[PDB]
2 protein chains.
Amino acid sequence: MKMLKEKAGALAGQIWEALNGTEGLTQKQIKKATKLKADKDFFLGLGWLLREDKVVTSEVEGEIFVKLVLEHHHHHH
Amino acid sequence: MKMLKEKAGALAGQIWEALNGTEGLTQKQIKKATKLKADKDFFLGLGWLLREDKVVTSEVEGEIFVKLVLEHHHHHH
């Protein structure tokens, strides 16, 4: 009994570590720094960063822009 | 105010409703029942179901299958 949750938790680690040491990256720069072959793995890992409130997500020019929670943001997009 | 986390939480209601009263549905069966145009949005809703463990995940023939965590009617594979 091996869940897709355990997978999503391993994805969460490497995505968090890509956003660790920087002030913020978009979907292309995150998958670049994580070595993610597909965006499919980005969505599961990112959702796990949202559950623990480690990151904040918003749209910039059609890209999913994500970064670690340092300060509050009203960027409604 | 309106973040990409906020729409992930919003979709989690209708993704759950597609699984409500069923033995579980696939990604396409839920996407049809919820009226989602892009599958990219489904992963953010499903990810919110995984964060609170209110569902169980599986894979049927290379496609995403998910069910509510309530009980186990395990017939066939």
# chains A, B, ... in the order shown; residues from 1 in each chain; ligands from 1
call {"tool": "select_by_dssp", "arguments": {"residues": "chain A", "states": "alpha helix (DSSP H)", "output": "PyMOL selection string"}}
result
chain A and resi 4-19+27-34+39-51
call {"tool": "write_last_selection", "arguments": {"atoms": "N, CA and C atoms", "output": "short mmCIF file (atom, residue, chain, number, x, y, z; two decimals), in the first residue's frame"}}
result
data_model
loop_
_atom_site.label_atom_id
_atom_site.label_comp_id
_atom_site.auth_asym_id
_atom_site.auth_seq_id
_atom_site.Cartn_x
_atom_site.Cartn_y
_atom_site.Cartn_z
N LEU A 4 0.33 7.87 -3.59
CA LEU A 4 0.77 9.07 -4.35
C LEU A 4 1.05 10.29 -3.41
N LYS A 5 0.59 10.21 -2.14
CA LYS A 5 0.89 11.22 -1.09
C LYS A 5 2.40 11.23 -0.72
N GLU A 6 2.97 10.02 -0.57
CA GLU A 6 4.41 9.83 -0.23
C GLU A 6 5.32 10.41 -1.33
N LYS A 7 4.91 10.17 -2.59
CA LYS A 7 5.48 10.80 -3.80
C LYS A 7 5.42 12.35 -3.70
N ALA A 8 4.20 12.87 -3.44
CA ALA A 8 3.93 14.33 -3.32
C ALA A 8 4.76 15.01 -2.20
N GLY A 9 5.09 14.23 -1.16
CA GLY A 9 5.93 14.70 -0.05
C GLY A 9 7.42 14.83 -0.41
N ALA A 10 7.90 13.90 -1.25
CA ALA A 10 9.28 13.94 -1.81
C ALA A 10 9.43 15.12 -2.81
N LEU A 11 8.36 15.35 -3.61
CA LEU A 11 8.26 16.49 -4.55
C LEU A 11 8.25 17.83 -3.78
N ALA A 12 7.51 17.85 -2.66
CA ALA A 12 7.41 19.03 -1.77
C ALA A 12 8.79 19.48 -1.23
N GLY A 13 9.61 18.50 -0.85
CA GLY A 13 10.96 18.76 -0.33
C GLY A 13 11.86 19.51 -1.32
N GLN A 14 11.99 18.96 -2.54
CA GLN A 14 12.88 19.52 -3.59
C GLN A 14 12.37 20.88 -4.13
N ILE A 15 11.03 21.07 -4.20
CA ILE A 15 10.41 22.36 -4.62
C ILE A 15 10.65 23.46 -3.56
N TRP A 16 10.49 23.10 -2.27
CA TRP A 16 10.79 23.99 -1.14
C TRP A 16 12.29 24.40 -1.14
N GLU A 17 13.19 23.42 -1.38
CA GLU A 17 14.66 23.65 -1.43
C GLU A 17 15.08 24.52 -2.65
N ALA A 18 14.28 24.48 -3.73
CA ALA A 18 14.46 25.37 -4.91
C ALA A 18 14.06 26.83 -4.59
N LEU A 19 13.01 26.98 -3.76
CA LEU A 19 12.54 28.30 -3.28
C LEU A 19 13.35 28.79 -2.05
N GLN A 27 6.97 29.16 -12.48
CA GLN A 27 6.85 27.69 -12.74
C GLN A 27 8.05 27.11 -13.55
N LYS A 28 8.51 27.84 -14.58
CA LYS A 28 9.69 27.44 -15.40
C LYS A 28 11.01 27.42 -14.58
N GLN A 29 11.25 28.46 -13.75
CA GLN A 29 12.49 28.57 -12.93
C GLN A 29 12.49 27.57 -11.74
N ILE A 30 11.30 27.27 -11.19
CA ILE A 30 11.16 26.26 -10.11
C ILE A 30 11.48 24.85 -10.65
N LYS A 31 10.81 24.45 -11.76
CA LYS A 31 11.05 23.12 -12.39
C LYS A 31 12.50 22.97 -12.91
N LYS A 32 13.14 24.12 -13.24
CA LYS A 32 14.56 24.19 -13.64
C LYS A 32 15.48 23.82 -12.44
N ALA A 33 15.26 24.50 -11.29
CA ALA A 33 16.10 24.33 -10.08
C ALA A 33 15.86 22.98 -9.35
N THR A 34 14.65 22.42 -9.51
CA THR A 34 14.24 21.12 -8.90
C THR A 34 14.61 19.90 -9.76
N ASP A 39 5.58 19.52 -15.22
CA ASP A 39 4.74 20.37 -14.33
C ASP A 39 3.78 19.54 -13.43
N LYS A 40 3.47 18.31 -13.88
CA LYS A 40 2.56 17.36 -13.17
C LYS A 40 2.99 17.16 -11.69
N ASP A 41 4.30 17.00 -11.50
CA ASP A 41 4.94 16.79 -10.19
C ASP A 41 4.99 18.11 -9.38
N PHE A 42 5.10 19.24 -10.10
CA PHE A 42 5.09 20.60 -9.51
C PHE A 42 3.78 20.87 -8.75
N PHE A 43 2.64 20.49 -9.35
CA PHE A 43 1.29 20.75 -8.78
C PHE A 43 1.06 20.00 -7.43
N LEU A 44 1.49 18.72 -7.37
CA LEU A 44 1.37 17.88 -6.14
C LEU A 44 2.29 18.40 -5.00
N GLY A 45 3.56 18.69 -5.34
CA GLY A 45 4.53 19.21 -4.37
C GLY A 45 4.16 20.60 -3.84
N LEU A 46 3.78 21.50 -4.76
CA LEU A 46 3.36 22.90 -4.45
C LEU A 46 2.17 22.94 -3.47
N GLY A 47 1.21 22.03 -3.69
CA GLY A 47 0.00 21.92 -2.86
C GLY A 47 0.31 21.55 -1.41
N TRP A 48 1.40 20.78 -1.25
CA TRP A 48 1.92 20.36 0.06
C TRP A 48 2.66 21.53 0.79
N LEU A 49 3.22 22.46 0.01
CA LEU A 49 3.82 23.71 0.55
C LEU A 49 2.72 24.68 1.02
N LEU A 50 1.58 24.66 0.29
CA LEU A 50 0.38 25.45 0.63
C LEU A 50 -0.30 24.95 1.93
N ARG A 51 -0.31 23.60 2.16
CA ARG A 51 -0.94 23.01 3.37
C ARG A 51 -0.25 23.49 4.67
#
call {"tool": "calpha_fit_rmsd", "arguments": {"fixed": "chain B", "moving": "chain A"}}
result
2.8 Å
call {"tool": "residues_around", "arguments": {"residues": "residue 26 (chain A)", "least_positions_apart": "3", "cutoff": "9 Å", "atoms": "only C-alpha atoms", "output": "MDAnalysis selection string"}}
result
chainID A and resid 29:31 59:60 63:67
call {"tool": "closest_residue", "arguments": {"among": "A:25, A:69, A:3, A:38", "to": "chain B", "atoms": "only C-alpha atoms"}}
result
A:3
call {"tool": "closest_residue", "arguments": {"among": "B:58, B:71, B:22, B:77", "to": "chain A", "atoms": "only C-alpha atoms"}}
result
B:58
call {"tool": "select_by_dssp", "arguments": {"residues": "chain A", "states": "strand (DSSP E)", "output": "NGL selection string"}}
result
:A and (55-60 or 63-68)
call {"tool": "write_last_selection", "arguments": {"atoms": "C-alpha atoms", "output": "tab-separated table (two decimals), in the first residue's frame"}}
result
chain	number	residue	atom	x	y	z
A	55	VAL	CA	4.86	29.49	0.39
A	56	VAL	CA	2.55	32.05	-1.28
A	57	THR	CA	1.20	31.54	-4.87
A	58	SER	CA	-0.02	34.12	-7.45
A	59	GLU	CA	-0.11	34.72	-11.25
A	60	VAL	CA	2.55	36.87	-13.02
A	63	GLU	CA	3.18	32.02	-14.92
A	64	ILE	CA	2.57	30.41	-11.47
A	65	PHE	CA	4.90	32.65	-9.35
A	66	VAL	CA	5.73	31.01	-5.96
A	67	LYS	CA	7.95	32.13	-2.98
A	68	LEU	CA	8.53	31.40	0.78
call {"tool": "closest_residue", "arguments": {"among": "A:1, A:74, A:61, A:20", "to": "chain B", "atoms": "only C-alpha atoms"}}
result
A:74
call {"tool": "atom_distance", "arguments": {"atom1": "CA of residue 72 (chain A)", "atom2": "CA of residue 52 (chain A)"}}
result
15.6 Å
call {"tool": "decode", "arguments": {"residues": "chain A", "atoms": "C-alpha atoms", "output": "mmCIF file, in the first residue's frame"}}
result
data_model
loop_
_atom_site.group_PDB
_atom_site.id
_atom_site.type_symbol
_atom_site.label_atom_id
_atom_site.label_comp_id
_atom_site.auth_asym_id
_atom_site.auth_seq_id
_atom_site.Cartn_x
_atom_site.Cartn_y
_atom_site.Cartn_z
ATOM 1 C CA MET A 1 0.000 0.000 0.000
ATOM 2 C CA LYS A 2 2.205 2.867 -1.406
ATOM 3 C CA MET A 3 0.303 6.207 -1.797
ATOM 4 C CA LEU A 4 0.771 9.071 -4.348
ATOM 5 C CA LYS A 5 0.891 11.218 -1.093
ATOM 6 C CA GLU A 6 4.410 9.827 -0.227
ATOM 7 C CA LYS A 7 5.476 10.798 -3.799
ATOM 8 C CA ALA A 8 3.928 14.332 -3.320
ATOM 9 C CA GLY A 9 5.930 14.700 -0.047
ATOM 10 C CA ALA A 10 9.276 13.943 -1.814
ATOM 11 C CA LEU A 11 8.262 16.489 -4.551
ATOM 12 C CA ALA A 12 7.413 19.025 -1.768
ATOM 13 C CA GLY A 13 10.960 18.764 -0.334
ATOM 14 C CA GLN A 14 12.877 19.519 -3.594
ATOM 15 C CA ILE A 15 10.411 22.362 -4.617
ATOM 16 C CA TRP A 16 10.794 23.987 -1.136
ATOM 17 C CA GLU A 17 14.661 23.648 -1.433
ATOM 18 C CA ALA A 18 14.465 25.367 -4.907
ATOM 19 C CA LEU A 19 12.536 28.299 -3.281
ATOM 20 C CA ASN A 20 15.034 28.179 -0.322
ATOM 21 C CA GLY A 21 18.032 30.549 -0.939
ATOM 22 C CA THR A 22 16.038 32.779 -3.410
ATOM 23 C CA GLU A 23 13.409 35.576 -3.085
ATOM 24 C CA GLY A 24 10.958 33.858 -5.554
ATOM 25 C CA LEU A 25 10.734 31.885 -8.875
ATOM 26 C CA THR A 26 7.980 31.227 -11.558
ATOM 27 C CA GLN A 27 6.849 27.692 -12.739
ATOM 28 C CA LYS A 28 9.688 27.440 -15.399
ATOM 29 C CA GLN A 29 12.487 28.566 -12.927
ATOM 30 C CA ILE A 30 11.155 26.263 -10.113
ATOM 31 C CA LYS A 31 11.046 23.117 -12.387
ATOM 32 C CA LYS A 32 14.561 24.188 -13.638
ATOM 33 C CA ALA A 33 16.102 24.333 -10.076
ATOM 34 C CA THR A 34 14.241 21.122 -8.898
ATOM 35 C CA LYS A 35 15.107 19.080 -12.094
ATOM 36 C CA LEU A 36 11.285 18.428 -12.554
ATOM 37 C CA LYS A 37 10.822 16.778 -16.012
ATOM 38 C CA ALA A 38 7.060 17.704 -15.923
ATOM 39 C CA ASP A 39 4.741 20.373 -14.329
ATOM 40 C CA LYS A 40 2.564 17.359 -13.167
ATOM 41 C CA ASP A 41 4.943 16.795 -10.195
ATOM 42 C CA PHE A 42 5.094 20.598 -9.511
ATOM 43 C CA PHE A 43 1.293 20.751 -8.776
ATOM 44 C CA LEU A 44 1.374 17.878 -6.143
ATOM 45 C CA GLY A 45 4.532 19.213 -4.372
ATOM 46 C CA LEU A 46 3.361 22.895 -4.449
ATOM 47 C CA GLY A 47 -0.005 21.923 -2.863
ATOM 48 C CA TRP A 48 1.921 20.360 0.059
ATOM 49 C CA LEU A 49 3.824 23.706 0.553
ATOM 50 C CA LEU A 50 0.375 25.447 0.629
ATOM 51 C CA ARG A 51 -0.936 23.007 3.369
ATOM 52 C CA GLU A 52 1.930 24.006 5.761
ATOM 53 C CA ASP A 53 1.813 27.732 4.629
ATOM 54 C CA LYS A 54 5.566 27.635 3.729
ATOM 55 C CA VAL A 55 4.864 29.488 0.394
ATOM 56 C CA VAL A 56 2.552 32.053 -1.283
ATOM 57 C CA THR A 57 1.202 31.538 -4.868
ATOM 58 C CA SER A 58 -0.024 34.116 -7.447
ATOM 59 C CA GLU A 59 -0.114 34.715 -11.253
ATOM 60 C CA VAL A 60 2.549 36.869 -13.020
ATOM 61 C CA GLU A 61 2.203 37.209 -16.870
ATOM 62 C CA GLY A 62 0.471 33.728 -17.082
ATOM 63 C CA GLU A 63 3.180 32.019 -14.915
ATOM 64 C CA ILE A 64 2.567 30.406 -11.470
ATOM 65 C CA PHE A 65 4.899 32.654 -9.355
ATOM 66 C CA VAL A 66 5.728 31.006 -5.957
ATOM 67 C CA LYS A 67 7.955 32.128 -2.980
ATOM 68 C CA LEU A 68 8.529 31.404 0.775
ATOM 69 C CA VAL A 69 6.249 33.411 3.213
ATOM 70 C CA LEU A 70 8.484 36.310 4.453
ATOM 71 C CA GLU A 71 5.719 39.021 4.438
ATOM 72 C CA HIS A 72 1.922 39.480 3.646
ATOM 73 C CA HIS A 73 0.790 39.975 -0.050
ATOM 74 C CA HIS A 74 -2.509 41.379 -1.529
ATOM 75 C CA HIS A 75 -1.412 40.599 -5.182
ATOM 76 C CA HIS A 76 -4.952 39.431 -6.218
ATOM 77 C CA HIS A 77 -4.284 37.674 -9.594
#
